[PDB]
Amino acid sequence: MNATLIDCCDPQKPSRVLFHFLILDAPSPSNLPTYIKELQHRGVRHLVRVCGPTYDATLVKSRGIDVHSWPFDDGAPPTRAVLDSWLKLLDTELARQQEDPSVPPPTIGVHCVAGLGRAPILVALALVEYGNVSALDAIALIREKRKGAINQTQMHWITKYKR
């Protein structure tokens, strides 16, 4: 498994990880049980799919992983609805940790198909919003681990973003 781990760190204490992001490939229906096991084995709390369904999410939900189906168009930046839902989820996970010192940093998975566009740009945005990393540095960081990630339109949108 074919996954890229990107840490989003506390701006104040860059020692401290806020979230672990996993950029993943989409599962095939036939390999779905193995795939779920591999998510569980990496402590995945939340799975976000930003592509059109290619499988039955209920099988994942039943194994303790929250699944979020927020499709947006290939080559596109997140819609405002997806973005707000993403920040809402991350805000909630952030409050969960602050409220309870017994909660370690959550791993949050994100897949589409290629992992070159839609998945990475959500992660990039999290780095900008919570890690306080500049847009250009978030892109470079993702590209280190995933060559060819993020098209020109996605690049422009993340360079322009504020809450």
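The numbering used is simple: start at 1 and walk along the sequence shown.
- On average the C-alpha atoms of 49 to 57 have higher B-factors than those of the other stretch, with 49 to 57 and 101 to 109 being the two compared.
- For the pair 148 to 156 and 16 to 24, the mean Cα B-factor is higher in 148 to 156.
- The PDB entry assigns its highest CA temperature factor, among 64, 43, 29, 131, to 29.
- For residue 138, the recorded CA B-factor ranks within the middle third of the chain. Only modelled residues enter the ranking.
- When all modelled residues of the chain are sorted by CA temperature factor, residue 115 is found within the highest third.
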